[PDB]
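To convert, take the position in the sequence shown, counting from 1, and add 644; that gives my numbering. The beta-carbon is built from N, C-alpha and C at its ideal position, and this holds for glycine as well. The structure under discussion appears below in the form of structure tokens.
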Amino acid sequence: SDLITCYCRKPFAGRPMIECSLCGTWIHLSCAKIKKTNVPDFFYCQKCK
Ligand SMILES: [Zn+2]
């Protein structure tokens, strides 16, 4: 049984996800507009910034 934590109402489903460095919620990297080639050391979601 999978989890939904990202703001697009869609579950993990094997998709890479990054943690909100502040609120802790897990955001799909695609939704966070993050390329696998450049990944922030600290990430902040829309709610927390
Ligand atoms: Zn997502």
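Could you round the C-beta distance between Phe656 and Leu666 to whole angstroms and report it? I think they count as a contact, below 8 Å. Reading the sequence shown from its first residue, position 12 is the one you call residue 656. Reading the sequence shown from its first residue, position 22 is the one you call residue 666. In fact, because the Cβ distance is near 20 Å, the residues do not count as touching under 8 Å.
Report the rounded CA-to-CA distance for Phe686 versus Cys664, giving the unit in angstroms. Position 42 of the sequence shown, counted from the start, is the residue given in the question as residue 686. Position 20 of the sequence shown, counted from the start, is the residue given in the question as residue 664. Each residue's Cα considered, the two are about 8 Å apart.
Residue range of the beta strand (DSSP E) that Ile671 falls in? As a working mapping, residue 671 is identified with position 27 in the sequence shown. Here the beta strand (DSSP E) through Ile671 covers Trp670 to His672.
Under 8 Å: does the beta carbon of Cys692 sit that close to some heavy atom of ligand 1? Mapped onto the sequence shown, residue 692 falls at position 48. Checking every heavy atom of ligand 1 against the Cβ of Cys692, none is found closer than 8 Å.
Here's a check: name, in chain order, each residue in its chain whose Cβ is nearer than 8 Å to the Cβ of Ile678, leaving out the five neighbours to either side. Here residue 678 is taken as the residue at index 34 of the sequence shown, counted from 1. So the qualifying residues of the chain are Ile662, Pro684 and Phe687.
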